[PDB]
């Protein structure tokens, strides 16, 4: 069975967690929350409470068949890690062409892989300039699929996002 790593800090956009999680699980895939401390709780911008399954220090990226990065301010928090561990984690996925799903602010973590040069991505308007500064070809579409990397901008994009991420994993 295929299993998706979801990297999560506080103040994630609740629905950008719950909606892709439900779409993946409905397609038969499992999901695992990776955050600072196993068994700690992170809380969405709108109060959703999620328990972290696996600590970032223990997580083995090769265990997972895809990476999901919900938006809101969770990505910004993750990029506060003094050792940059979430960028390093994401880099396994970008370096090995493993399905990598990132919505809204989620693509901010992909900047930290240094692997975006010549990749085609969208994201929330707020961060598009930083994606372009990281060398991405940035567009403004509801979903963008560049081989393994699937990106979307906002919660209104979820239908399109969800349908692409599940297709990616079916391969």
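Residue numbers count along the first chain shown, from 1.
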property	result
146 to 154 set against 21 to 29, stretch whose average Cα temperature factor tops the other in the entry	21 to 29
Segment of higher mean CA temperature factor, 155 to 163 or 5 to 13	155 to 163
Peak C-alpha temperature factor (PDB record), options 125, 57, 67, 34	57
Chain-relative CA temperature factor third for residue 76	lowest
Relative C-alpha B-factor of residue 135, binned into the chain's lowest, middle or highest third	middle
Residue 94 - which third its CA temperature factor falls in, relative to the rest of the chain	middle
Chain-wide C-alpha B factor ranking for residue 129, given as lowest, middle or highest third	middle
For residue 110, the third of its chain into which the C-alpha B factor falls	lowest
